[PDB]
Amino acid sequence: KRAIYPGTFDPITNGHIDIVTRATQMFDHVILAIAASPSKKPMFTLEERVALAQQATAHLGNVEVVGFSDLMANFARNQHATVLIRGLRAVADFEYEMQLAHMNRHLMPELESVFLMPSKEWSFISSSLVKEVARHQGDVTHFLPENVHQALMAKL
C-alpha cells in the first residue's frame, strides 16, 4: 500500500511532519512529494526543499522524499500510489481541498484522497505564516525541524 503526500513544502514545517508521521502509521510506504510550484514563487528552490524534507524525515524509515514538476495525478500514477494524503487544518482550506480532490479523482479515479487532521499544536500554522514571522526576525524555532530553522535563518 503506497500513499503520496504532495505539497509545496516551502519550507516543510512541524505541521507537515505531524501529517507524514500519521500517514506512515497507516500506510506501508509514504512518498512525500514536493511540487516545483513556480506560480507560488517559492522562497526555497525545489532542490533545497527536497534536501530539507529528506533531512527532516530521515528518522521515519518508510518516507521517500521526491520532487516533481508534473501533474500531481500523473506523478501519483507513476509512483504506483493509490492514496493521496492531505492535511486538514480549517474550513477555508477544506473547500479548495475538495476542488483539488474532485479534479484528481477525474484525472485518476483509483487515487483515493484522504484527509488527516494535525495535532492541536500545529492547527494554526502554515509555511506562509512561519516565513512572515521569520522575515520580521520573530522566533520560529518551535514550528520547524532544526535543519529547516537553520536553513530559514541562513536564507533570510
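Rigid core (definition): largest C-alpha set, two forms, superposition within 1.5 Å. Note that residue numbering begins at 1 and tracks the sequence as displayed.
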* Asked: in 8 other deposited structures of this protein, superposed on the rigid core, which stretch sits farther off in Cα RMS terms, 85-93 or 101-109?
  -> 85-93
* Asked: in 8 other deposited structures of this protein, superposed on the rigid core, which stretch sits farther off in Cα RMS terms, 59-67 or 30-38?
  -> 30-38
* **Average Cα temperature factor in the PDB entry - higher stretch of 53-61, 127-135** => 53-61
* On average, which has the higher Cα B-factor in the deposited entry, 143-151 or 7-15? -> 143-151
* To do: Could you check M108, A33, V30, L88 and tell me which one carries the biggest Cα B-factor in the deposited entry?
  => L88
* Taking the C-alpha B-factors as the PDB entry records them, is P42 in the lowest, middle or highest third of its chain? -> highest
* To do: Using the B-factors in the PDB entry, rank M103's C-alpha atom against the chain and give the third, lowest, middle or highest.
  => lowest
* Structure fact -> So, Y96's CA B-factor, relative to its chain, sits in which third? The highest
